[PDB]
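Next comes just one chain, in structure tokens: the form deposited in one PDB entry.
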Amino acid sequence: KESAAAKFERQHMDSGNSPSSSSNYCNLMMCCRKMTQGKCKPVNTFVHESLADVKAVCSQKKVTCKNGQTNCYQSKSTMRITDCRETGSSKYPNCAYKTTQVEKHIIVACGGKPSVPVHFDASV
């Protein structure tokens, strides 16, 4: 039971001077995509390329994953990605993230048949 005053805040309040600024993207996306449920996921990367292109990475350069497995693949081209990293004073239930827009190659773990991306390992 959320009070009616808390419901009003949640549904209608977003105090700030540049509410749609690119710096607020991670706070809003981490929330939307359920990565702040019961805890604040510390780091997470969003890829802004088409799914078909990220799926094709599973048939490109095979590399070793961070954990020693060898079912990781690196994209032959760089991709537009956004890195979201918790800000130092971020504490559940007030998760806060810094948004970083870069262009790097991505390394994903591919699984299943057909092979598709199941984990995001690193960007380089």
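Throughout, rigid core stands for the largest set of C-alpha atoms superposing within 1.5 Å between the two forms. Shifts are known only where both forms have a C-alpha. Quick note: we count residues from 1 along the sequence shown, nothing fancier.
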item: Higher-scoring stretch by recorded Cα B factor average, 7-15 or 111-119; value: 111-119
item: Given 88-96 and 29-37, the range whose Cα B-factors average higher in the PDB entry; value: 88-96
item: Out of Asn71, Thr82, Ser50, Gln60, highest CA B-factor residue; value: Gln60
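Unshown form deposited in another entry; subsequent notes refer to it.
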property	result
Threshold 2 Å Cα movement between this form and the one not shown for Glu103, core superposed	no
CA-CA separation of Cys32 and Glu9, closer or farther in that other deposited form than in the form shown [shift of 3 angstroms or more]	closer
Sense of CA distance change between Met30 and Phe8 in that other deposited form, threshold 3 Å	closer
Rigid-core superposition between this form and the one not shown, with residue runs of at least 3 whose C-alphas all shift by 2 Å or more	1-14, 113-124
